[PDB]
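Residue numbers (the working numbering), protein chains in the order written: chain C, 3 to 164; chain Z, 3 to 164; chain E, 3 to 164; chain B, 3 to 164; chain X, 3 to 164; chain P, 3 to 164.
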């Protein structure tokens, strides 16, 4: 059983406030991160139809500065479905309502595991793309996943050492 | 010059945290109201393509209790365009991911005014609906706007009286 | 059993901080509304001697800009007591400490329902005014309250339609 | 020039929210202190008719545990006025709306200095009490003051040694 | 049984954001004080090996204005250990990463009580200094402690009187 | 010109409050990420002697659930110094004050760029280790850095495609 990438796609529009920025009037990367995780977890929950935990934040690329009073659009979707886990891709776009432009300011990939009521890993549906963008993320997912798996081994060695 | 109710339609998915509730495990009306104004302001900004100020909160109807760990979907859209003002309707739905339900937990109507860079009221485009929901809010708007107009008078008597 | 409007009258002085503003050094409507609901709920709790829930924000009129560094005075009173329900009026004034001026910057009306421990609507005492202002809010409340009940139906039609 | 203690007296009712507490459902002392400073600054601003800075927090005595859902009443008053400095006393009471009790749960004393537009210490009016409580705080100030002054010296020695 | 002042010494580095300041770009004393309590309570729990409550804040001396984007270093240590109580001294330094200077911007003394699982005062180990700074606060605490005991009674009289 | 890993090592002790958790009494990963980014940026600033921007979050591995009332220790250090960039490793430990344990709950790597006052990349000193843990992170840095640079390209393609 399969769900589309659109089915669980979640949106979030926010305006960037003074309490969201640093001393440079530039948005705190940590605030951006917290929003990213919030939206992504909702997307993962919707796709799995279950509670989720964040296993890892695989990367956040901060591509463009985000200023006070900028309007952000966050798009989260499942880009990959393993057995009990999913990759969620979050796009952060600066949304300019004055010239109707949308610039890509941040890109993030996270990994969530679905759980049952007892906290055991839960099977999830597979996922499929419908448009060219979803397809891009879906098609590039398999290399990211194999990297995540290799990086898990490095973290394991690190933990074993400490 | 006109826009659809869709072009400016904004979404927001948020789960309900402790810091968002009262001691009863139920969501504080204040937090809910703050989310409403934020989302609606973004919508009016998209529609007017201009800065906005909230002129009034026409109403907030709390129709169902909202609990910690509930998943919220806010939908904001412009339901009416006057000269320089917009009515924005916000629907707050309880989104159940375990049984794929959606319930209407609250309903809010706001009025925003568009402004130029000098803080003067700006002309806005008109609005039109495309589906039966958009059309229900679009069709029922004219009475609400007049009731809003009447109530501005009542506020005036009151300011004068004090 | 009856209480004066003064018996439950509550006050709140607060300064307006950067975290309460948007990009234009102007107070966020949503923040003002959260403060309004908080103060109103305390007043209704005092009047009912019971836990309360906010059934509706009947209106918030934003009349004057509220700026960073402004001192706000909120006054909350019960202007109407139905069987289980209270209308609360909240006045928000900008308090100028340099020329002892007070300006009405916002006006709000909210509806609370008092509950027993098990969550069932509880009977509240009646209310009465003692001065000219209190009398004004009191005398105008029944028309607002009849509008509130009528609006409830519109909301019901909307829920039914959706 | 002189003012009563009552002319600058400030009130604040707030409910204690989950976000204000620690793991034991108990109000974070830090929160309480932030509220103290806020209400005290407003009071001192009123008295001095100027911008103010917190010179010192002379004490905060935590006397009764404050719990989630509690209603707090803060009362701030100038209990002493030197040349450019004001002592503000804040009383924090737990306000029980179920039985009309008010227990003193905290007491605090702070020192503010009034500043002119350029940042120099600004003269403030004298202060005088009108009721027995006001007289109590007013008459006991001289010992808190000489305790403040001796302690400024100790701070100086500490800075010097470091 | 004993512990050095170092064993429980806690550090906290934070940058000063817009949300932490008032309208003068300058750190809200309240924010400063919330951070103080947070770090000091951690040190006290570490030293006691138990839950703690804040009994009082004995003083906060605001020595230097702290501006937006400044880097703060908080250091908390136990400077005195009664039977069940601890004086904790918190030092607040402005950390300049450009010229590797540190300025003392605030100094604070708090008093905590250790509690057993049942909420009763719990005996704590004594404390000893190892360096010249630790010795300075250690050697000076007894005079502060006696000032604190005296001041608790004062606070008692105030409660009785009111 | 070179700095030890210890020279810029920054600590943060924090306790996990109700407002930091989700409905399962478990710390929000978003909150943990904000904290991570803050401490790491300070470490970056210390090492670089300059302002910094967060270029990317390379990973966050969530290894153990973190619960309310837990005490956290964050440790941030520069593990790699490129020309204008730094890798910062943040360790998050659950600190048990009752049995003196420290458990590794999360590990993160982030990448910062040093800027001059005009926003151009700035040269940073090199870094070197002094103890076995520092040496472990330093010695594993080269492989992560090369992975960072391969992944940046993927992101370039993705940006191009979109």
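Ideal Cβ positions, reconstructed from N, Cα and C, are used throughout, including at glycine.
List, in order along the chain, the chain E residues whose C-beta lies closer than 7 Å to that of residue i?
| i | result |
| --- | --- |
| residue 20/C | 20, 21 and 23 |
| residue 70/C | 25 |
Could you check where the alpha helix (DSSP H) with residue i kicks off and where it finishes?
| i | result |
| --- | --- |
| residue 137/B | 134-163 |
| residue 40/Z | 31-50 |
Which residues in chain C sit within 7 Å of residue i, going by Cβ to Cβ distance?
| i | result |
| --- | --- |
| residue 33/X | Within 7 Å Cβ-Cβ: nothing; residue 33/X doesn't reach chain C, min ~12 Å. |
| residue 163/P | 138 |
Which residues in chain E have a C-beta closer than 8 Å to the C-beta of residue i? List them in chain order.
| i | result |
| --- | --- |
| residue 58/Z | 61, 62, 63 and 64 |
| residue 36/Z | 30, 32, 33, 35 and 36 |
Can you give the beta carbon distance from residue i to residue j, rounded, assuming they're within the 8 Å contact cut?
| i | j | result |
| --- | --- | --- |
| residue 35/Z | residue 62/Z | 6 Å |
| residue 84/Z | residue 18/Z | Not quite, the Cβ-Cβ distance comes to about 34 Å (not below 8 Å), so this is no contact. |
| residue 37/P | residue 41/X | Incorrect: roughly 14 Å between the Cβ atoms, too far for contact. |
Below 9 Å on C-beta distance, what does residue i contact in chain E?
| i | result |
| --- | --- |
| residue 155/Z | Result: empty, since nearest Cβ-Cβ is about 11 Å, beyond 9 Å. |
Near residue i, which residues of its chain fall below 6 Å by C-beta distance, leaving aside the five closest residues on each side in sequence?
| i | result |
| --- | --- |
| residue 44/E | 12 |
| residue 136/C | 7 |
| residue 96/E | 72, 105 and 107 |
| residue 69/E | 27 |
From which residue to which residue does the beta strand (DSSP E) around residue i run?
| i | result |
| --- | --- |
| residue 61/C | 53-64 |
| residue 113/X | 103-117 |
| residue 128/Z | 128-130 |
| residue 89/C | 87-98 |
| residue 75/X | 73-83 |
| residue 5/Z | 4-6 |
| residue 15/E | 12-17 |
Determine the burial state of residue i: buried for a count of at least 16 other Cβ atoms within 10 Å of its Cβ, exposed for fewer.
| i | result |
| --- | --- |
| residue 49/C | buried |
| residue 46/Z | buried |
| residue 74/Z | buried |
| residue 144/C | exposed |
| residue 101/C | exposed |
| residue 152/P | exposed |
| residue 29/C | buried |
| residue 23/E | buried |
| residue 121/Z | exposed |
| residue 141/C | exposed |
| residue 76/Z | buried |
| residue 39/P | buried |
| residue 163/X | exposed |
| residue 20/X | buried |
| residue 103/B | exposed |
| residue 216/E | Residue coverage of chain E in this structure runs from 3 to 164, which leaves residue 216/E outside it and unanswerable. |
| residue 155/E | exposed |
| residue 94/P | buried |
Identify, in the order they occur along the chain, each residue of the same chain with its Cβ nearer than 8 Å to the Cβ of residue i, setting aside the five sequence neighbours on each side.
| i | result |
| --- | --- |
| residue 65/Z | 106, 107, 108 and 109 |
| residue 52/Z | 116, 117, 118, 124 and 126 |
| residue 132/C | 6, 7 and 8 |
| residue 54/X | 43, 46, 47, 88, 114, 115, 116 and 117 |
| residue 82/P | 88, 89, 129, 140, 143, 144, 146 and 147 |
Looking only at its chain, what residues have a beta carbon closer than 7 Å to the beta carbon of residue i, apart from the 5 residues adjacent to it on each side?
| i | result |
| --- | --- |
| residue 60/E | 111, 112, 113, 146 and 150 |
| residue 148/C | none |
| residue 56/Z | 39, 43, 112 and 114 |
At a CB-CB cut-off below 8 Å, which residues of chain C make contact with residue i?
| i | result |
| --- | --- |
| residue 40/P | 30 and 32 |
Taking Cβ-Cβ distances shorter than 9 Å, what residues in chain B pair up with residue i?
| i | result |
| --- | --- |
| residue 14/E | 13, 14, 15 and 16 |
Along chain P, in chain order, which residues have C-beta atoms closer than 7 Å to that of residue i?
| i | result |
| --- | --- |
| residue 51/X | 99 and 100 |
| residue 109/C | 157 and 160 |
Residues of chain Z with a CB under 7 Å from the CB of residue i: which are they?
| i | result |
| --- | --- |
| residue 48/C | 99 |
| residue 135/E | 164 |
| residue 106/E | 161 and 164 |
List the residues of chain B whose Cβ lies closer than 7 Å to the Cβ of residue i, in chain order.
| i | result |
| --- | --- |
| residue 94/E | In chain order: nothing, as chain B lies at least about 14 Å away. |
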